[PDB]
Every structure is written in C-alpha cells, then in structure tokens.
Amino acid sequence: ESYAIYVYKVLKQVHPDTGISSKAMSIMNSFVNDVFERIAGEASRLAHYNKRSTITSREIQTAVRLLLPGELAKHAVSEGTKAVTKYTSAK
Amino acid sequence: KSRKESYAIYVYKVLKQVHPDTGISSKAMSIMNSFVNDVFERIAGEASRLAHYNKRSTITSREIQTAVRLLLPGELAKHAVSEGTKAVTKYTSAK
Amino acid sequence: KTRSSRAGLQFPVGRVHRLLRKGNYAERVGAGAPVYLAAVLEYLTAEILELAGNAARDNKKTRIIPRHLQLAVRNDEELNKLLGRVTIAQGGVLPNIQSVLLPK
Amino acid sequence: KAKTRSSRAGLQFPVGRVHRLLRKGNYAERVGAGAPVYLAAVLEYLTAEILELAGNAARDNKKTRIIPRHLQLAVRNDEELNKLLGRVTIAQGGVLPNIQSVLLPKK
Amino acid sequence: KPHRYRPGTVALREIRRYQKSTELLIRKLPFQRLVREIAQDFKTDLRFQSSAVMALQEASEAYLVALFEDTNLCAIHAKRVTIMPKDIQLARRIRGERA
Amino acid sequence: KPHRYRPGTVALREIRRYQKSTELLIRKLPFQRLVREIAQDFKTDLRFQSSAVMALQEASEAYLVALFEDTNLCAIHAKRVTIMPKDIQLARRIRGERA
Amino acid sequence: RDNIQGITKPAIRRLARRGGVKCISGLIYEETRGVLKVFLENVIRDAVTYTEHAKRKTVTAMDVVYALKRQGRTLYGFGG
Amino acid sequence: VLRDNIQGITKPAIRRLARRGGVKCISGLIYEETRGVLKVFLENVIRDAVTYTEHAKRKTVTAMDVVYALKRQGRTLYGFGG
DNA sequence: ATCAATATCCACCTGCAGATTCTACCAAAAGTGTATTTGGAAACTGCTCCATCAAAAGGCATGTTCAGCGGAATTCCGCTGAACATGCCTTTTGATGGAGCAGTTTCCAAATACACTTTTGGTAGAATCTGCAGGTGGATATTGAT
DNA sequence: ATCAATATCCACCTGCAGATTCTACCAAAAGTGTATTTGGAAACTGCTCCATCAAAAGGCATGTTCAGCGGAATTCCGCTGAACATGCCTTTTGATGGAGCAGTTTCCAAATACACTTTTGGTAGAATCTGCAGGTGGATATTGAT
C-alpha cells in the first residue's frame, strides 16, 4: 500500500509536464506518512487531554495548528475546512 | 467533585521502604508524580509502536520489556528488566 | 460516489479513514476527521511538489529527484522548519560557504 | 479476603491502576495480563532509585524532608538518571555547583 | 575606610550564591505582565491560573539559565571570559533555533 | 615554473563541488564492514537487507556533514578557519550529547 | 515603561550568574530579552491553543505543560 | 573475522564530508576524532535497530529496523520506506 | 596590468537503465444500507480562585571611577594543503545455493465482555504536630591595601 | 608580612506554614465468577534476497616532498564593564467581589456494527517508451606569476 498514485495526481496538477523518480516518490511517500502520524498524534493527545473519546475534524484542526508553521497552517486549515464543508453539503 | 488521581500514595509507600525516616515536601511529591507519569507515557508509547510495527494487537510484558530496553540507560535498563521480570514471575506463581 | 469526490479531493478519504482506526488514536473517529486530514495531507504534498517541480525546472530537468525535494524544502522557511529534523536521503545540502573563507 | 494483583506481584504500585490506564491510553487494542504488572514493577523501581538518591541528598544537607533541590541534585549527579531525564526540568531544583576553571582567581 | 573588591570577586561570590539557591530570579509581577502581554496577541480577555504563570516562569528561567551555560562556553572557546551577543547567537544556532 | 594553486584554492573548489552534488562519500563496502563489525561485536549471527546498510550510511553522512557545519561555525567563532577537535567537541557539547 | 523592559538588568544578571557567568557585555540584556520574548511567544501560543481547543478563557497550568512538552521542554511539578 | 574496520573511514572520505559541510581547513587531529564520533553514532543507531530486530524474532536487520531506530533517536530518515 | 595554465561551463549527442504502459486478476477496500448505542454539546448552577484596589516592603536605577579585558599588531614556526607517484582494493557484473522471511491453515491459551460485590483512594475539615528558615552571636576565613 | 573590612560559617533558637494523623462518607475502582471470542503461536512451505565466491580494471587511497600561511604566543593600549554607595518606585503582600471552571442532567445527532454489493489500486509481468548520465570538444572563466 502507498500514496504514490495520489502524489502523482497532485503532481500532475502543479506541474503537468513533470515526472518524479521512484527514489523521490519514495521520499514523498515517507513525507506523507510522517505528517499523518504527527497530526494523528497531536490529535490523539488533544482528544484525550480532554476526556474525549473521539477525534473529530476539530481535533485534527487544532493539531494542524499545533504542528505546522504559520503560513502553512493558515493554508492547511483553509483547505481542510473547505473540504469538510464540501463533504458535508453533499448526500 | 471529580477525584484527581496521582501516585503520591505509592510514592510515599516506596519512599518509606527506602528511607523510613525521611519525608518529602509537597512540591517534591508533585515532581515525583510528574516523573512517574512521564515514564509511564514513555514506556507505554514505545510499547504501542512496537506492537504496530509487528502488526500485533496486544501490548504484553514482552513489549514493556523491549520498550524498557530502548528507553533506559544501561544499568537502569538492566534492573528495570530484573524487577520487571520478578514481578511477573511472582504474580504468576500465586492463586 | 467515493468520499473523496464527495469532499473535492485527490487524496483517499476512505484509506486515511481506515488508517486513523488502525492507528488506534482514539476509541472513535468522526467522519469529519479523515476528510480534513486527507485535505491537509494533499495540501502539503501539493506545496512541496509545486516547489520541487520548480527546482527541477531551474536545473534543466524534467524529472524530480531527491535533490529537488531537498532544494525545495531547505529553501522554504516553513517546510524547512516542519522538516527540520528530517533527512531526505540522496539530497545533498544547500550550496553555502562562510565568508571569512573566501579569497581576499 | 480477595487479594490485589499488586500484592500478588508483590509490589507497592497499583498493578490494577496501571492496567486501567494502559487500556484507556489508547495504546493498543488489547493488553496482556502481565504488562500491567511488569510496567508497574518498572515504575516502582525507578521510583525507588530516585528517592534513595534524593534521600541521601537530604542527609548530606542535614535535612530530613526531601524537596525539589534534593531530587535535582540526585538526578544530575547520576550519569544514568540525568541522561534519562535530560530533556526534563524539575521545578525549583536550581543547578549543580559549577564554575569554569578559567573563571577562577589566579592563585 | 576604602574597601573595594576587585572586578570579578563579587561576580564570583554571586555565582557561588545563586548556584546554591533555587528561587526564581525574575520578579513575578513584571513577568506576569510580560506573559499576559505576549498572550494577549494570541487570544483576548484571557485569564491565567496562578500555576500556569508560575510554571511558565519556572520554565523560562531554566531555559535562560542553561542558555547562559552554553553561551559562557561559547565565550570561553573564543578565549574570552565575557559573554557576548554573538556567543548567544552561536549557541542558539548550534541548538537548532537560528539564522 | 610548474603551475601551483595557492593553499585553499582547491579546498574551496571542493566545497563547491561537493556541495553541488549528492553521492555518498564514504566507500560503500568499507562502511558496510564497519556496520557488520559494530553490529556483531553487539549481537552475533545478524543479517542485513542491503537497504538497511544503505539507510545507516545515508543517516551517518547526513549527521557527519551536518556536524562539520557546526564545527566549522565553532572554529570561525574562535577566529580560525581550521576546524579542530575541540570545535567538534564544543558543538556536540552544545548540541546535548554531552554537555 | 514597556513590559519586556520590565525584565530588568539585575535579573538577567542574576540568571547569568546562575549559569556560572562572570563577565557580561552590556549588549547582552537587550539580546537576552528578545530570546525570552521568542521563548514565551512559542510556548504560550501552544498553551493558548490548547486552551481554546477546550473552550476556556483561562490558560491552565496543564495547558502550559502540554505546551512545554511539545516544545520538548518537559516540566515536572505542575501535573505536567 | 572483523577488526579495525573503523580505519575504513579514510582521511579522503572524512575530508569530502567536511567539504560538503563547508569546511576549508582541517587539523590533522580531526580524523581520529571523527571516527570516534562516528563509531558512537553507529553503535547508538544499531543497538536500537537490532533491538527492533530481536523483538520481532528475526535474524535479519531490515531497513525499517533502522528507520525506526533513527526515528527513536530523533534523526528521521526519508527514502527507505519511512 | 597582460598572460599562460587550467578548471568550468554548456549545449549537442546517444545507448540505457529506470519510468511509463497496458492487459489481466481480485482480495481487499470502500460504499450502500438499515439497525442499535451513545458521546458530548448545551443549558443551569455553585463555588472556587482569579483580577483587582490598598498598603507595607525592599529592590533597582543611577553616575563615578578605574582595572582589567579584548582585540589589534607583530612575529616565529610548525603543520596542512597541493601535486605527484604507485598500485591496492573497491566497484561492477554474475551467478549460485540456501536461510530465513513471510504466507496459510489450524486451533487453544488468553483476552474481552457483561454482571455481581467488595473495598479503596480521594476529598473535606478538624486538630494536633514538626522541620526548618531565618535571626542572633561570635568565631575565623577571605580579600585587598599597604 | 601586617592590620583592617568583610564575608562566611556554625551552633543555637523558635514560630509556623505546611506536613501529619483522625474520622469518615462513597462513587469509582478493582476484584470475582461466567460465557464468549479471538490473537497470533505452531507447523508446513513457497520464494525472495542475502552471503558468497569470481575476475577484471580503474578510481582511488596512500605516502612523500615542500613551502605558505594560519594558529599560537607575546605585547599593549584604551574602552567598557564591575564595584559602590545613593534615592524611592515598583513589587509584594494581603483582603474581596464575581466570572468562570467544573458537576449534573438531558437527548439528538452522529458513531458503532454487521451485511451485502461493488469498485479499485496493488502487482505479477511482458512490452514499449524516454529522460539523461556520461562522453566530447570547443567557448568562457578564474587563478596565479610577473
């Protein structure tokens, strides 16, 4: 299992004519997983420093803030909220 | 009013088993408590990782042990394992 | 329809959702969670490939290799900080020589 | 006349509590019976290592109640403990007595 | 009448003294003020448990006191006995916080 | 008569070169034996996926290189351009590895 | 007065002393304050973020502790 | 039989690493010091690594063994499956 | 400065290893869809414990003076960098045997999951109790001037 | 060496703040006994990928010569931090309304859970493609001598 096809879609969106060597995709793959565990981790803690049994979108979001630098977070929050709202406003 | 658990009563027990005539300031006790929670967290954390690496569902003494080996300085690790094992062996041989 | 299309995303909402559960981070995972985290995840890979991609371009290259990822990261204050304790194998270092060291 | 696991493992620490926390800790889906016990044994033990050292500390101060300074001196003066707690700060512990020789009066 | 200790003797005396004790060395209220002010840019109308300030203070001094031990080392490496801005700068660089 | 670059011209030339590329710099095989030596006078009858030796090596060079930067910074702090043992040592001291 | 200047020279001097420093360049104090400012800005930001996550208006000892722990400056004596 | 392999870390190799690191001048005494420092770095990464291996009851150190070891040490590697 | 020695740069060229390209299979995913459980937002509340206004306390700001430190200059010389020779050992390309990782079906010690019952650790409130911090005195060691 | 100013240390003292011993009410643990479920050891084994040996060549490590320069030691101003005694402004301490942090209670949206149905993203694998690594020779630096 891996994020490679997904990295690849995204990749084609920013740089339509650019490719990625496996060695890079490999690093890309590592990168995604790392970020994932960090976010998930801060979420884990957050949730239970509050005697909450659930990690919701709200924990992920505080986590994104606790973990990312300034502009990147201003931007992740944005995309994240955007997605949730779109996911919800459907079905 | 929601309780507020802490290891203080055990710390104190262990203390007296070591220095029966010594007492511990309150602020001291609060540190010992933070010490225990930290260690707890650290060992449990490593243990968790260990299980996930090995696609295992259960944290056992095995994990606590490897965890301790990864978390503590040589000798410390050594005793920690010794004690560790004493405890499980004794607990098993008993009705 | 997949939950990603429902969420407007290229990263796998359902896979991330599955991953959160096996990571055992909490007894339960609300549906909002994997959606949001798959966004942030995709958002960040977008940023680093956007920047890697140019490094490859600045080097008369078409295929990104680790060196471009490294260039991308170390040359951006935020990624460089987010990634400050991370080693990107085969990446090299940024060209940089202290002044006192140059000819006189 | 039920007996507690801590008494069975022969320990002062809450073998049951540790077990409780381990489950609530979201660390794993399941928790072996012996981990609670082992881990408890390990906690207790480290506890004993610091109070013993910290206790001496107080003797060496002609004092009988252990305060933070006593735990801080106990720690940073033990290669192993100090390493183990090398990214930890003990409130109210101060720092070990120490002056770079070069800063001393020329005798 | 005339006494006067030579430069360094009282400094030394003070080092011995302070490495003995453990009290905080920054005055509470000004500190409390500084904390409150910094925080006021993060969220407004905040209140702070007395413990949270006390913990923060305790954490900053131990930080600064330690940064002082690496600075002093950096100064001595340059064969000086006087710490300088650059000395602090160099320690924080090697520590991973710097530019 | 024979051409001769002044001491340091080639050195700067090598920094430019090496900093411009990313191949490993420690002989492959030699390093592997060190790995097998350290590992074994640690636990016998062990084996290695070649990638594990390779990860050890990428990790190491990246540590070592990152270490020399700090060392290089330390020497310069001392007004020198030649790194020395105590520089490496001051850097690891400040880095926590010692202290 | 200004609050950061509220951290005085004699206190910075006392700190230094505790860190075993004997001679102190005058340019240190200012340089020091900025380091303390940046220190507290980093911690507080995370403590206050924890605060909000819990919908409160009081930074709690714990919220500072959780913060120091993320910053990697674990503190003992206040729960965390 | 493995012996003195630390001497495989040759001057030239240790000099290139210093170059990548931006260093123009090197004292004769740096090399022995560097091998000293590398040997410790290796032992630290490998003790853990092999501890992961044993755990898992395998005879072969996997790269993940190393990847986990490096992550325990706060020296996270990317590119080998994590 | 003009100038020979050399390293550096950079676009043109091409066999090649590593990337892209279906074709096919499919277990495991992810989705749809009722059915059951429940977590935590949400509102009301009471009681801490926090921000605040006053007053007793005890540092910090301040300006002078000078000692000693840092750094500029200067110099001796020892070690490090450059260039060169020789030739060892790493690197490269294969191929082979087999160890040990990893897939699978199997089956039970150990785990979970109610549910009944005993008890223990935390809070609160009072009353009694004590280690020590600072406060004195007086002896003596340290520092600095002569 | 000699006082003279001071700091430091030590034995003793005592009030008190905080540590201790008491009594006890109790929901949340923690232990017990039953019933059900299942994680992951053990036994057989397909199969990958690790250790190994094999041979050749050339990229490198090694070892030397040699002289340039950078590090270390020494001298020496002059400026800048340390000591100090000076004047009083802020910090600290302490008594107090009220704003929340918490304890409880309610119920509806949202999360499990198990059942099917379906779509996908790994992958074994032969086939086809393509960026560029590595070679080249000729145009522009860049160095170092004079």
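- For chain H, the PDB entry supplies the name Histone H4 and the organism Xenopus laevis.
- Per UniProt, chain H carries the Sequence similarities text "Belongs to the histone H4 family."

## A short note on the interface of chain A and chain G
Item 1. At the interface, nine residues of chain A touch nine residues of chain G.
Item 2. Taken as a group, A:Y49, A:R58 and A:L66 account for 58% of the area that chain A buries against chain G, more than any other trio of residues on that side.
Item 3. Across the contact surface, chain A and chain G share one salt bridge.
Item 4. Here A:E42 ties to G:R70 by a salt bridge, and the two come within 2.8 Å at their closest N and O atoms.
Item 5. Counting across the interface, chain A meets chain G through six residue pairs in polar contact.
Item 6. Among the secondary structure elements, those contributing two or more residues to the side of chain A that touches chain G are helix 2 (22-49) and helix 3 (57-67) of chain A.
Item 7. Per element, the largest residue contribution to the side of chain A that touches chain G is five residues, and it comes from helix 3 of chain A.
Item 8. Across the side of chain A that touches chain G, the residue classes break down as four nonpolar, two polar and three charged.

## Comments concerning the interface of chain C and chain A
How big an interface is tends to be reported as the loss of accessible area on association of its parts.
Item 1. Across the boundary between the two partners, chain C contributes 54 residues, which contact 59 residues of chain A.
Item 2. Buried surface at the junction of chain C and chain A, both sides included, amounts to about 5000 Å², of which 73% is carbon and sulfur.
Item 3. The largest share of the area that chain C buries against chain A comes from C:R6, C:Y25 and C:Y36, three residues that together contribute 18% of it.
Item 4. Summed over the shared surface of chain C and chain A, the number is two salt bridges.
Item 5. For the salt bridge of A:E1 with C:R18, the shortest nitrogen-to-oxygen distance reads 2.5 Å.
Item 6. Remark: the boundary between chain C and chain A carries 19 residue pairs in polar contact.
Item 7. For the side of chain C that touches chain A, the secondary structure elements donating two or more residues are helix 1 (3-7), helix 2 (13-22), strand 1 (28-29), helix 3 (32-58), strand 2 (63-64), helix 4 (66-74) and helix 5 (77-82) of chain C.
Item 8. In terms of residue count, helix 3 of chain C provides more of the side of chain C that touches chain A than any other element does, 19 residues in total.

## Looking at the protein's contact with DNA strand J
Item 1. Surrounding DNA strand J, one finds 74 residues, the nearest of these being B:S2, C:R15, F:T9, F:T82 and G:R13.
Item 2. Within the contact set of DNA strand J, a phosphate oxygen lies 2.8 Å away from a backbone nitrogen or oxygen of C:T62.
Item 3. Between a phosphate oxygen of DNA strand J and a side-chain N or O atom of E:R33, the distance comes to 2.9 Å.
Item 4. Partitioned by chemical class, the residues of the surface near DNA strand J number 19 nonpolar, 20 polar and 35 charged.

## Observations concerning the pattern of salt bridges
Item 1. Tallied over the entire structure, the rule returns 34 salt bridges over all chains.
Item 2. Across the salt bridge formed by A:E71 and A:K74, the nearest N and O atoms sit 2.6 Å from each other. Of this pair, A:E71 and A:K74 are both found in helix 4 (residues 70-88), three residues apart, which corresponds to roughly one turn of the helix.
Item 3. A relative accessible area of 53% places A:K74 in the exposed class.
Item 4. Residue D:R17 pairs with B:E5 through a salt bridge whose shortest N-O separation is 3.1 Å. Of this pair, D:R17 sits in helix 2 (residues 15-24) while B:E5 sits in the segment before helix 1 (8-18), each in a different chain.

## Focus on the packing of helix 1 (residues 9-20) of chain E against helix 1 (residues 9-18) of chain G
A packed helix pair is summarised by two numbers, namely the angle formed by the two axes and the spacing between the axes.
Item 1. Running from N to C, helix 1 of chain E and helix 1 of chain G point in directions that differ by 75 degrees, and their axes come no closer than 8 Å. By the angle between their axes, helix 1 of chain E is roughly perpendicular relative to helix 1 of chain G. Contact residues: E:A11, E:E14, E:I15, E:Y18 and E:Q19 in helix 1 of chain E; G:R14, G:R17 and G:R18 in helix 1 of chain G.
Item 2. Here the contact of helix 1 of chain E with helix 1 of chain G is composed, by residue class, of three nonpolar, one polar and four charged.

## Examining the nonpolar core
Item 1. The biggest cluster of nonpolar side chains holds 112 residues, and the ones touching the most others in it are E:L56, F:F68, G:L40 and H:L42.
Item 2. Setting aside residues no more than four positions away along its own chain, F:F68 makes contact with F:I83, F:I88, H:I14, H:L17, H:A18, H:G21, H:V23, H:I30 and H:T34.

## Things to note about the side chain of C:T87
Item 1. With respect to the helices and strands, the residue C:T87 is situated in strand 3 (residues 87-88).
Item 2. Filtering out sequence-adjacent residues up to four positions away, C:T87 remains in contact with F:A62, H:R75, H:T76, H:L77 and H:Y78.

## Side note on the packing of aromatic side chains
Item 1. If you walk through the whole model with that rule in mind, you get 15 aromatic pairs over all chains.
Item 2. Taken together, a centroid distance of 6.2 Å and an interplanar angle of 55 degrees make the contact between A:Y6 and C:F11 tilted. One end of the pair, A:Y6, is in helix 1 (residues 4-14); the other, C:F11, is in the loop between helix 1 and helix 2, on a second chain.
Item 3. Residue classification places A:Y6 among the buried residues on the basis of a relative accessible area of 14%.
Item 4. Between the aromatic rings of A:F31 and H:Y78, the centroid separation amounts to 6.5 Å while the plane-to-plane angle is 50 degrees, which identifies the pairing as tilted. Highlighted residues: A:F31 in helix 2 and H:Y78 in strand 3 (residues 77-78), drawn from two different chains.
Item 5. What makes A:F31 buried here is its relative accessible area of 1%.
Item 6. Judged by relative accessible area, H:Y78 falls into the buried class, the value being 1%.
Item 7. Within the aromatic cluster, the residues linked to one another by ring pairs are A:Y3, A:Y6 and C:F11.
Item 8. Positioned above the aromatic ring of A:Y87, the side-chain terminus of C:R6 is 4.2 Å from the ring centre.
Item 9. Taking the ring centre of E:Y5 as reference, the NZ or CZ of E:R13 above it sits at 4.2 Å.

## Things to note about the environment of A:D17
Item 1. Tracing the chain through its elements places A:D17 in the loop between helix 1 and strand 1 (19-20).
Item 2. For A:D17, a relative accessible area of 70% translates into the label exposed.
Item 3. Discounting chain neighbours no more than four positions away, the residues touching A:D17 are A:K12 and C:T62.

## A word on the protein's contact with DNA strand I
Item 1. The environment of DNA strand I is formed by 82 residues, the closest being A:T54, B:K1, C:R3, D:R23 and H:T60.
Item 2. Here the atoms of DNA strand I within 4 Å of the protein split so that 98% fall in sugar or phosphate, with bases taking the remainder.
Item 3. At 3.3 Å, a side-chain N or O of B:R3 approaches a sugar or linking oxygen of DNA strand I.
Item 4. Between DNA strand I and D:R23 there is a distance of 2.5 Å, counted from a phosphate oxygen to a side-chain nitrogen or oxygen.
Item 5. A breakdown of the residues in the surface near DNA strand I according to their chemical character gives 19 nonpolar, 22 polar and 41 charged.

Thresholds, definitions, all that
Residues numbered from 1 in each chain as written, not as in the entry; some residues may be left out. Chains lettered and ligands numbered in written order. Heavy atoms only, no water. UniProt positions renumbered as here; feature names shortened; annotations may be inferred. Contact = heavy atoms within 4.5 Å. Buried area = accessible area lost by both parts, 1.4 Å probe. Salt bridge = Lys/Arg side-chain N within 4 Å of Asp/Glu carboxyl O. Polar contact = N/O pair within 3.5 Å; in protein donor to acceptor, adjacent residues only side chain to side chain. Helix = DSSP H or I, 4+ residues; strand = E, 2+ residues; numbered from the N terminus. Nonpolar A, V, L, I, M, F, W, Y, C, P; charged D, E, K, R; others polar. Near = heavy atom within 4 Å. Buried < 20%, exposed > 50% of the residue type's maximum accessible area, 1.4 Å probe, protein only. Axes fitted to C-alpha atoms, helices over the stretch in contact; angles between N-to-C directions. Parallel < 35°, antiparallel > 145°, perpendicular 65-115°, else oblique. Core = buried A, V, L, I, M, F, W, Y, C linked by side-chain atoms within 4.5 Å. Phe/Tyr/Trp six-rings, centres within 6.5 Å; stacked < 30°, edge-to-face > 60°. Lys NZ or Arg CZ within 6 Å of the ring centre and 35° of its normal.

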